[PDB]
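Data first, discussion second: the structure below is written as structure tokens.
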Amino acid sequence: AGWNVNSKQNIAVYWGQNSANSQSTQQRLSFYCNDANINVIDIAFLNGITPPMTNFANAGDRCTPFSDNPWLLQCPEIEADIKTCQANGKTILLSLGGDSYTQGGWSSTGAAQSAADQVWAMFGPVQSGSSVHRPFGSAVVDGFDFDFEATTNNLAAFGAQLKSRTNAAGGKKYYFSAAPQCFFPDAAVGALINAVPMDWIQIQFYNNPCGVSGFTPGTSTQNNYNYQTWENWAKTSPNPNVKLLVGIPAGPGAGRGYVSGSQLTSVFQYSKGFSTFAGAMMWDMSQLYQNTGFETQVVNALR
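Heads up: the sequence shown is residues 16 to 318, going by this note's numbering.
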């Protein structure tokens with residue numbers, strides 16, 4: 016039944032950007048919704064907000080741009096697949112920003128609040144009184160992942176307005192995650208995650224010296240891998256009960272600091288010792304499914 020706050024074996028995986036970058040490495044979203052081990056999928060990315068822009072790599076081939084915004088896609092296959100995945104018991108979030116987000120956020124709190132209301136009208140419940148375009152039609156996401164990686168002015172105000180709308184909503188639970196890099200504090204989402212409660216934070220423990228590649232097996236004194244710093248911060252954050260996922264590259268081509276074998280098992284056994292630990296995150300689905308046997312290694316490390 017999707018995200019499980021009481022489990023230490025959650026696995027969140029990004030889908031949409033085809034990191035593996037071959038013609039066949041990213042199937043449609045629902046191909047990956049029969050995996051008993053993957054209970055959260057983040058759709059990557061809404062890479063523009065004001066104005067809105069969607070990029071789903073070659074999944075875009077089965078979409079049609081909206082007539083008045085060529086960078087915003089109408090995606091009936093992703094729509095159908097979100098509904099299928101949710102019927103199959105998966106939590107499907109939309110990931111906001113990503114490494115190709117260049118708009119730099121909003122000049123005022125008011126502009127950030129208006130942008131949040133537009134994202135909610137585009138991707139949350141269908142609003143009968145709204146003219147906004149809906150990339151996923153009558154599909155409704157299960158919440159939002161904040162993956163901003165450059166300075167994003169007034170992201171805290173944007174996040175607070177979107178959280179206001181999800182907190183007011185009926186129907187189902189909406190979740191909030193953020194994906195800071197492991198360097199502490201995080202420049203891009205630091206203000207957001209110090210202001211707005213998250214359900215979990217999926218830290219990118221890669222592309223940085225604090226990543227899982229810097230973990231020292233055989234000891235619980237860790238000079239580089241900084242999970243402990245993140246747990247200490249989490250306990251006084253706006254949601255003091257927020258959970259952490261350990262985010263890793265799903266293949267050597269997915270990011271710097273890929274780990275496997277005993278390094279991978281050991282860093283997960285260390286991380287499992289912490290009360291905030293709730294599982295793993297991986298970048299990304301295309302890399303994971305190409306990297307034969309790697310998913311089994313991660314599942315076996317979390318057991």
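Where a beta carbon is used, it is the ideal one built from N, C-alpha and C, also for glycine.
- Ranking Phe198, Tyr240, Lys178 by CA distance to the CA of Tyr190 puts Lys178 first.
- Apart from sequence neighbours up to five positions away, the residues of its chain that approach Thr79 with a beta-carbon distance below 8 Å are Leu88, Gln89, ordered along the chain.
- Using a Cβ-Cβ distance cut-off of 8 Å, the segment 128-148 and the segment 33-48 are not in contact, since fewer than three pairs of beta carbons, one from each stretch, lie closer than that value.
- A residue is called buried when at least 16 other Cβ atoms come within 10 angstroms of its Cβ; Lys250 does not meet this threshold and is exposed.
- With fewer than 16 other CB atoms across the displayed protein chains lying within 10 angstroms of its CB, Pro200 is exposed.
- From the listed residues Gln101, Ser110, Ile208, the smallest Cα separation to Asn254 is found for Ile208.
- Classified as buried, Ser286 has 16 or more neighbouring CB atoms from the shown chains inside 10 Å of its CB.
- Straight through space, the alpha carbons of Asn223 and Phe198 are spaced by roughly 7 Å.
- Rounded to whole angstroms, the gap between the alpha carbons of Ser153 and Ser192 is 23 Å.
- The DSSP-derived three-state label of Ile53 is coil.
- In the structure shown, the three-state DSSP call for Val261 is strand.
- Residue pairing of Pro80 in beta bridges, as defined by DSSP: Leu88.
- Within the model, the alpha-carbon separation for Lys23 versus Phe292 is close to 6 Å.
- By the neighbour-count criterion, in which a residue is buried when 16 or more other Cβ atoms sit within 10 angstroms of its Cβ, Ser235 is exposed.
- Listed as beta-bridge partners of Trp298 by DSSP are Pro264.
- Per DSSP, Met213 lies in no beta strand (DSSP E) segment and is marked neither H nor E.
- Nearest Cα to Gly125 within the set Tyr221, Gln176, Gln219: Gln176.
- Between the alpha carbons of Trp298 and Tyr29 lies a gap of roughly 6 Å.
- Judged by their CB atoms, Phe163 and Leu108 are not nearer to each other than the 7 Å cut-off.
- For the segment 166-252, the full-length beta strand (DSSP E) segments reaching 3 residues or more read 190-193, 215-219 along the chain.
- Residue burial is scored here from C-beta neighbours: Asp157 has at least 16 other C-beta atoms within 10 angstroms and is therefore classed as buried.
- For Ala16, the CB contacts under 6 Å within the same chain, skipping 5 residues up- and downstream, are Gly104 in chain order.
- In the DSSP assignment, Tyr285 falls outside any beta strand (DSSP E) and within the unbroken alpha helix (DSSP H) covering 276-287.
- Here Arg149 is buried. Its C-beta has 16 or more other C-beta atoms within 10 Å.
- The residue from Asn25, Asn239, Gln196, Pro267 with its alpha-carbon nearest to that of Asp114 is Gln196.
- For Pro264, the closest alpha carbon among the candidates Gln237, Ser123, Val313 is that of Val313.
- With respect to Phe173, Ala203 sits apart: the two C-beta atoms are not nearer than 7 Å.
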